[PDB]
>>> print(open('coords.txt').read())   # compact mmCIF, C-alpha atoms and all ligand atoms
# COMPACT_ATOMS: atom_id res chain seq x y z
CA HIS A 4 -14.48 -6.91 -13.94
CA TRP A 5 -11.89 -7.60 -11.20
CA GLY A 6 -12.27 -6.52 -7.62
CA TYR A 7 -12.00 -7.86 -4.08
CA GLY A 8 -15.42 -9.50 -3.64
CA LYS A 9 -16.45 -13.15 -3.56
CA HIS A 10 -17.06 -13.39 -7.26
CA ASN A 11 -14.34 -11.15 -8.64
CA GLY A 12 -11.61 -11.15 -5.97
CA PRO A 13 -8.03 -12.42 -5.83
CA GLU A 14 -8.95 -16.09 -6.26
CA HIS A 15 -10.54 -15.19 -9.63
CA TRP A 16 -7.86 -12.97 -11.06
CA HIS A 17 -5.83 -15.75 -12.75
CA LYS A 18 -8.67 -16.19 -15.28
CA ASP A 19 -8.08 -12.77 -16.86
CA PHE A 20 -4.39 -12.52 -15.76
CA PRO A 21 -2.80 -15.98 -15.82
CA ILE A 22 0.48 -14.59 -14.45
CA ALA A 23 -1.40 -14.58 -11.14
CA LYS A 24 -0.01 -18.12 -10.71
CA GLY A 25 3.51 -17.08 -11.79
CA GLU A 26 6.93 -17.54 -10.30
CA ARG A 27 7.36 -14.06 -8.76
CA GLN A 28 3.99 -12.93 -7.46
CA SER A 29 3.35 -10.40 -4.66
CA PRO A 30 2.65 -9.91 -1.87
CA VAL A 31 4.41 -12.58 0.23
CA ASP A 32 4.85 -13.41 3.86
CA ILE A 33 8.18 -12.14 5.13
CA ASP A 34 9.62 -14.82 7.36
CA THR A 35 11.96 -12.69 9.39
CA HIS A 36 14.15 -15.57 10.57
CA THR A 37 14.71 -16.83 7.00
CA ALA A 38 15.37 -13.45 5.39
CA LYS A 39 19.11 -13.10 5.00
CA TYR A 40 20.97 -10.05 6.08
CA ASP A 41 22.85 -8.83 3.03
CA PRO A 42 25.76 -6.53 3.95
CA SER A 43 26.10 -5.66 0.26
CA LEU A 44 22.68 -3.88 0.20
CA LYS A 45 22.96 -0.11 0.20
CA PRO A 46 20.97 2.32 2.23
CA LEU A 47 17.85 3.34 0.42
CA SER A 48 17.97 6.88 -1.08
CA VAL A 49 14.59 8.61 -0.92
CA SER A 50 14.68 12.09 -2.48
CA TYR A 51 11.23 13.63 -2.12
CA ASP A 52 12.10 17.31 -1.41
CA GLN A 53 10.92 18.45 -4.86
CA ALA A 54 7.89 16.21 -5.11
CA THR A 55 4.88 17.70 -6.90
CA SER A 56 1.60 16.10 -6.01
CA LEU A 57 -1.18 16.66 -8.55
CA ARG A 58 -4.45 14.92 -7.83
CA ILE A 59 -6.13 12.47 -5.48
CA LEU A 60 -8.32 9.86 -7.16
CA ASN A 61 -10.74 7.01 -6.21
CA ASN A 62 -10.61 4.44 -8.92
CA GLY A 63 -12.77 1.82 -7.35
CA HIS A 64 -9.69 -0.33 -6.06
CA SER A 65 -7.97 2.18 -3.71
CA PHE A 66 -7.36 5.90 -3.64
CA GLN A 67 -4.16 7.31 -5.02
CA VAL A 68 -2.24 10.49 -4.82
CA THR A 69 -0.60 11.14 -8.17
CA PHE A 70 2.66 13.03 -8.76
CA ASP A 71 4.34 14.80 -11.63
CA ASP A 72 6.68 12.09 -12.97
CA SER A 73 7.83 14.14 -16.01
CA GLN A 74 11.14 14.99 -14.27
CA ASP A 75 13.39 13.54 -11.55
CA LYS A 76 11.69 15.48 -8.70
CA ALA A 77 10.78 12.63 -6.38
CA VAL A 78 13.13 9.68 -6.86
CA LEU A 79 14.10 6.41 -5.28
CA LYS A 80 17.66 5.13 -5.79
CA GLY A 81 20.15 2.93 -3.98
CA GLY A 82 19.05 0.11 -1.75
CA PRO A 83 18.80 -2.97 -4.03
CA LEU A 84 18.24 -0.76 -7.10
CA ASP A 85 20.33 0.13 -10.12
CA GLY A 86 19.47 3.52 -11.55
CA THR A 87 16.78 6.04 -10.76
CA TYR A 88 13.08 5.49 -10.19
CA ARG A 89 10.48 8.28 -10.39
CA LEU A 90 7.54 8.46 -7.98
CA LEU A 91 4.27 8.11 -9.88
CA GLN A 92 1.73 7.72 -7.08
CA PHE A 93 1.02 6.36 -3.67
CA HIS A 94 -2.01 4.45 -2.45
CA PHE A 95 -3.06 2.20 0.36
CA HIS A 96 -4.57 -1.23 1.05
CA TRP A 97 -6.65 -1.66 4.20
CA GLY A 98 -9.08 -3.84 6.06
CA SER A 99 -12.59 -3.83 7.40
CA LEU A 100 -11.02 -4.18 10.92
CA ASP A 101 -7.58 -3.44 12.26
CA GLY A 102 -6.38 -7.10 12.18
CA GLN A 103 -6.20 -7.24 8.41
CA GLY A 104 -5.46 -4.91 5.55
CA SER A 105 -1.81 -5.31 4.71
CA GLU A 106 -0.69 -7.23 1.66
CA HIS A 107 2.71 -8.24 2.89
CA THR A 108 2.75 -10.01 6.23
CA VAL A 109 5.60 -10.37 8.71
CA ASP A 110 5.84 -13.80 10.33
CA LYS A 111 2.16 -14.10 9.34
CA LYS A 112 1.22 -10.89 11.13
CA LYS A 113 -1.18 -8.69 9.21
CA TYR A 114 -1.14 -4.94 9.71
CA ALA A 115 -4.19 -2.67 9.52
CA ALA A 116 -3.04 -1.19 6.23
CA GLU A 117 -0.13 -0.90 3.80
CA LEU A 118 1.12 2.15 1.97
CA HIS A 119 2.65 1.67 -1.48
CA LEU A 120 4.79 4.37 -3.05
CA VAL A 121 5.06 3.34 -6.68
CA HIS A 122 8.15 4.31 -8.71
CA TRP A 123 9.26 3.45 -12.25
CA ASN A 124 12.70 3.07 -13.73
CA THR A 125 13.61 6.12 -15.82
CA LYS A 126 15.60 3.99 -18.21
CA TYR A 127 12.29 2.75 -19.63
CA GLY A 128 10.89 6.25 -20.11
CA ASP A 129 7.28 5.65 -19.07
CA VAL A 130 5.42 3.46 -16.65
CA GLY A 131 3.69 1.43 -19.37
CA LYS A 132 7.03 0.36 -20.78
CA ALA A 133 8.42 -0.19 -17.30
CA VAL A 134 5.70 -2.68 -16.36
CA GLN A 135 6.94 -4.89 -19.23
CA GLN A 136 10.39 -5.24 -17.64
CA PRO A 137 11.65 -7.31 -14.71
CA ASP A 138 13.32 -4.25 -13.16
CA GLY A 139 10.72 -1.75 -14.28
CA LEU A 140 9.17 -0.67 -10.96
CA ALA A 141 10.24 -0.22 -7.38
CA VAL A 142 7.44 -0.15 -4.81
CA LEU A 143 8.23 1.08 -1.34
CA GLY A 144 5.85 -0.62 1.10
CA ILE A 145 5.17 0.77 4.56
CA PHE A 146 2.99 -0.93 7.18
CA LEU A 147 0.35 0.95 9.17
CA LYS A 148 -0.58 -0.01 12.70
CA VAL A 149 -3.34 1.70 14.72
CA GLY A 150 -2.36 3.85 17.69
CA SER A 151 -1.24 7.47 17.61
CA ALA A 152 -2.21 9.63 14.65
CA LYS A 153 0.21 10.27 11.80
CA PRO A 154 0.07 14.07 11.36
CA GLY A 155 1.38 13.91 7.79
CA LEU A 156 -1.53 11.69 6.77
CA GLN A 157 -4.26 14.06 7.92
CA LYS A 158 -4.34 16.21 4.77
CA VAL A 159 -5.07 12.99 2.82
CA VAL A 160 -7.73 11.85 5.30
CA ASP A 161 -9.54 15.15 5.17
CA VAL A 162 -10.26 15.16 1.48
CA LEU A 163 -11.53 11.55 1.21
CA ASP A 164 -15.13 12.71 1.62
CA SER A 165 -14.73 14.47 -1.76
CA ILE A 166 -13.73 11.27 -3.62
CA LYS A 167 -16.17 8.79 -2.08
CA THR A 168 -17.23 6.83 -5.01
CA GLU A 169 -15.43 5.37 -7.94
CA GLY A 170 -14.59 8.04 -10.55
CA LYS A 171 -14.20 11.01 -8.21
CA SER A 172 -10.89 13.03 -8.14
CA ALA A 173 -9.78 16.32 -6.62
CA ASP A 174 -6.88 18.72 -6.79
CA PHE A 175 -4.23 17.63 -4.34
CA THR A 176 -1.27 19.90 -4.60
CA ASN A 177 1.60 20.59 -2.20
CA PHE A 178 1.38 17.26 -0.41
CA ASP A 179 4.72 16.19 1.01
CA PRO A 180 5.07 12.38 1.12
CA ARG A 181 8.02 12.64 3.50
CA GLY A 182 5.41 13.04 6.22
CA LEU A 183 4.35 9.39 5.68
CA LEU A 184 7.74 7.79 6.33
CA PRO A 185 8.89 6.05 9.51
CA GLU A 186 12.20 6.94 11.17
CA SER A 187 14.13 3.94 9.92
CA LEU A 188 14.71 2.97 6.33
CA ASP A 189 15.71 -0.58 7.27
CA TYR A 190 14.04 -2.85 4.72
CA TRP A 191 13.41 -6.23 3.24
CA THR A 192 13.64 -6.71 -0.51
CA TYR A 193 12.66 -9.35 -3.02
CA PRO A 194 11.67 -9.60 -6.71
CA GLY A 195 7.92 -9.60 -7.23
CA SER A 196 4.89 -8.27 -8.99
CA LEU A 197 2.13 -5.72 -9.05
CA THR A 198 -0.39 -6.81 -6.42
CA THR A 199 -3.34 -5.71 -8.60
CA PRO A 200 -4.12 -6.68 -12.17
CA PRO A 201 -2.29 -6.91 -14.48
CA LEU A 202 -0.06 -8.62 -11.83
CA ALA A 203 3.00 -7.96 -13.99
CA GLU A 204 6.27 -9.39 -12.70
CA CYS A 205 8.06 -6.07 -12.87
CA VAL A 206 8.59 -4.97 -9.31
CA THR A 207 11.57 -4.78 -6.96
CA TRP A 208 9.75 -4.72 -3.60
CA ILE A 209 11.29 -2.70 -0.77
CA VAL A 210 9.27 -3.24 2.43
CA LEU A 211 10.22 -1.13 5.42
CA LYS A 212 10.59 -2.94 8.76
CA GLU A 213 9.27 -0.05 10.84
CA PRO A 214 5.52 0.56 10.62
CA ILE A 215 3.97 3.99 10.92
CA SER A 216 1.22 4.53 13.48
CA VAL A 217 -2.07 6.04 12.33
CA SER A 218 -5.13 6.71 14.46
CA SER A 219 -8.37 4.81 14.47
CA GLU A 220 -10.08 7.99 13.23
CA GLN A 221 -7.71 8.15 10.25
CA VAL A 222 -8.24 4.56 9.17
CA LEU A 223 -12.01 4.84 9.72
CA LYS A 224 -12.04 7.53 7.04
CA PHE A 225 -10.40 5.08 4.60
CA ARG A 226 -13.25 2.70 5.37
CA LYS A 227 -15.93 5.20 4.39
CA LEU A 228 -14.77 5.13 0.79
CA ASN A 229 -16.81 3.14 -1.69
CA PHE A 230 -15.88 0.57 -4.24
CA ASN A 231 -19.02 1.55 -6.12
CA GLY A 232 -19.72 4.48 -8.30
CA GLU A 233 -22.22 7.12 -7.29
CA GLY A 234 -25.78 5.86 -7.78
CA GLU A 235 -24.81 2.18 -7.51
CA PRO A 236 -25.41 0.07 -4.41
CA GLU A 237 -23.07 1.22 -1.67
CA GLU A 238 -20.20 -1.21 -0.99
CA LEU A 239 -17.60 -0.03 1.44
CA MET A 240 -14.01 0.07 0.04
CA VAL A 241 -12.55 -2.26 2.65
CA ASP A 242 -10.42 -5.40 2.40
CA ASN A 243 -8.79 -4.22 -0.81
CA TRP A 244 -5.72 -6.42 -0.24
CA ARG A 245 -4.38 -9.43 -2.09
CA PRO A 246 -3.28 -12.25 0.26
CA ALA A 247 0.27 -13.58 0.46
CA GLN A 248 1.35 -15.62 -2.54
CA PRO A 249 3.83 -18.53 -2.76
CA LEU A 250 7.45 -17.47 -2.36
CA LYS A 251 8.59 -20.20 -4.77
CA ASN A 252 12.25 -19.88 -5.65
CA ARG A 253 12.90 -16.45 -4.12
CA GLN A 254 15.08 -15.04 -1.41
CA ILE A 255 14.03 -12.16 0.79
CA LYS A 256 17.02 -10.08 1.78
CA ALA A 257 17.30 -7.80 4.80
CA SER A 258 19.25 -4.52 4.80
CA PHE A 259 19.78 -4.83 8.57
CA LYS A 260 21.07 -7.30 11.15
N1 LIG A 301 -0.40 -2.44 -5.45
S1 LIG A 301 0.85 -2.19 -6.37
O1 LIG A 301 1.61 -3.41 -6.63
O2 LIG A 301 1.61 -1.05 -5.87
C1 LIG A 301 0.29 -1.88 -8.06
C2 LIG A 301 -0.42 -0.61 -8.20
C3 LIG A 301 -0.52 -0.08 -9.65
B1 LIG A 301 0.12 1.52 -9.97
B2 LIG A 301 0.58 1.39 -11.67
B3 LIG A 301 -0.89 1.00 -12.57
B4 LIG A 301 -1.01 2.10 -11.19
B5 LIG A 301 -2.28 0.85 -11.50
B6 LIG A 301 -1.52 -0.59 -12.14
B7 LIG A 301 0.24 -0.27 -12.25
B8 LIG A 301 0.88 0.01 -10.59
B9 LIG A 301 -0.39 -1.18 -10.96
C4 LIG A 301 -1.88 -0.42 -10.47
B10 LIG A 301 -1.62 1.20 -9.85
ZN ZN A 302 -0.56 -1.44 -3.80
>>> encode(input="coords.txt", output="structure tokens")
Amino acid sequence: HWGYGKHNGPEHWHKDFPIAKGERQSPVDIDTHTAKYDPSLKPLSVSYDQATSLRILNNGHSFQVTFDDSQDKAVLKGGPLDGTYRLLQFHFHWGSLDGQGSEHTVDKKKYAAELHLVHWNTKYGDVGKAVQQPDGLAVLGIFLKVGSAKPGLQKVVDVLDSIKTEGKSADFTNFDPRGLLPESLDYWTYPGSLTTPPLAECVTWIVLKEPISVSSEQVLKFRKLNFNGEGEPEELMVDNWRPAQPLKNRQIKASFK
């Protein structure tokens, strides 16, 4: 039932998922002046050299690129994390226009899109078990602004015409997610949640300070996707972002001064 429209969007989700009004919901606004520099935070360790992408999929809420998470081939460690987190998939959230699309905001600024690289804690064995734990997932969030093209995104862009409508997938092997990362791994971190149903409070969020630039042509291809299935009335997959939620009793920590 849930989606991003008037009648099934974020303001409705608490009816099926009451944790929507919980104590550690995501995304949030990152108030940069209030975030505390924490000299105890480690550099983030991103080890993607042996990543194995499998498929690209439109599931009616975003598109995702899925990885082989049956071994420690593409792992996130360090930073605020204890232990080792396997990359399951990445996906994006984006807007109908360049002034909205991100889920996190920075001093209330919205970016055109936000990339989420979703990882789960190997100590829980599988993602389903991990989503039931407060330290089950680590999502690496990367902002997208519109300017110069991101060359490492183009292979993704170019196959979106083959997964237009909900329920389409395609082979998507040999994709290297290192080509989506900004120079700096400086980050903010806080305890939060999945930003889509089931909104489980299982995520350590790691949001990079440095956005990547993508071109207008690249983001326009995102906007040609459809929320609908083939044969149903065409509804552009745009504005698939949850707004900032109350910070409540949480501290955002910065890895950098
Ligand atoms: N937007 S997000 O918080 O990164 C949650 C995205 C997910 B990945 B795992 B299941 B797969 B399905 B559910 B679980 B995580 B939530 C949706 B996607
Ligand atoms: Zn997401």
>>> residues_around(input="coords.txt", residues="residue A:256", least_positions_apart="5", cutoff="9 Å", atoms="all atoms listed in the file", output="mmCIF file with C-alpha atoms, keeping the file's coordinate frame")
data_model
loop_
_atom_site.group_PDB
_atom_site.id
_atom_site.type_symbol
_atom_site.label_atom_id
_atom_site.label_comp_id
_atom_site.auth_asym_id
_atom_site.auth_seq_id
_atom_site.Cartn_x
_atom_site.Cartn_y
_atom_site.Cartn_z
ATOM 1 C CA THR A 37 14.710 -16.830 7.000
ATOM 2 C CA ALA A 38 15.370 -13.450 5.390
ATOM 3 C CA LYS A 39 19.110 -13.100 5.000
ATOM 4 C CA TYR A 40 20.970 -10.050 6.080
ATOM 5 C CA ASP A 41 22.850 -8.830 3.030
ATOM 6 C CA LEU A 44 22.680 -3.880 0.200
ATOM 7 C CA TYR A 190 14.040 -2.850 4.720
ATOM 8 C CA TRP A 191 13.410 -6.230 3.240
ATOM 9 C CA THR A 192 13.640 -6.710 -0.510
ATOM 10 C CA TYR A 193 12.660 -9.350 -3.020
#
>>> residues_around(input="coords.txt", residues="residue A:90", least_positions_apart="2", cutoff="7 Å", atoms="only C-alpha atoms", output="PDB file with C-alpha atoms, in the coordinates of the input")
ATOM      1  CA  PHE A  70       2.660  13.030  -8.760  1.00  0.00           C
ATOM      2  CA  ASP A  72       6.680  12.090 -12.970  1.00  0.00           C
ATOM      3  CA  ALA A  77      10.780  12.630  -6.380  1.00  0.00           C
ATOM      4  CA  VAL A  78      13.130   9.680  -6.860  1.00  0.00           C
ATOM      5  CA  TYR A  88      13.080   5.490 -10.190  1.00  0.00           C
ATOM      6  CA  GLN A  92       1.730   7.720  -7.080  1.00  0.00           C
ATOM      7  CA  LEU A 120       4.790   4.370  -3.050  1.00  0.00           C
ATOM      8  CA  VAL A 121       5.060   3.340  -6.680  1.00  0.00           C
ATOM      9  CA  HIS A 122       8.150   4.310  -8.710  1.00  0.00           C
ATOM     10  CA  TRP A 123       9.260   3.450 -12.250  1.00  0.00           C
TER      11      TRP A 123
END
>>> residues_near_ligand(input="coords.txt", ligand="ligand LIG 301 (chain A)", cutoff="10 Å", atoms="only C-alpha atoms and all ligand atoms", output="PyMOL selection string")
chain A and resi 28-30+62+64-67+69+91-96+106+117-123+130-131+133-134+140-144+195-206+208+243-245
>>> closest_residue(input="coords.txt", among="A:156, A:146, A:23, A:50", to="ligand ZN 302 (chain A)", atoms="all atoms listed in the file")
A:146
>>> closest_residue(input="coords.txt", among="A:234, A:180, A:98, A:83", to="residue A:167", atoms="all atoms listed in the file")
A:234
>>> axis_aligned_box(input="coords.txt", around="stretch 103-110 of chain A", padding_each_side="5 Å", output="JSON")
{"center_x": -0.2, "center_y": -9.4, "center_z": 6.0, "size_x": 22.0, "size_y": 18.9, "size_z": 18.7}
>>> closest_residue(input="coords.txt", among="A:86, A:8, A:150, A:182", to="residue A:127", atoms="all atoms listed in the file")
A:86
>>> atom_distance(input="coords.txt", atom1="atom CA of residue A:187", atom2="atom CA of residue A:247")
24.3 Å
>>> closest_residue(input="coords.txt", among="A:210, A:152, A:163, A:54", to="ligand ZN 302 (chain A)", atoms="all atoms listed in the file")
A:210
>>> closest_residue(input="coords.txt", among="A:155, A:42, A:194, A:249", to="residue A:215", atoms="only C-alpha atoms")
A:155
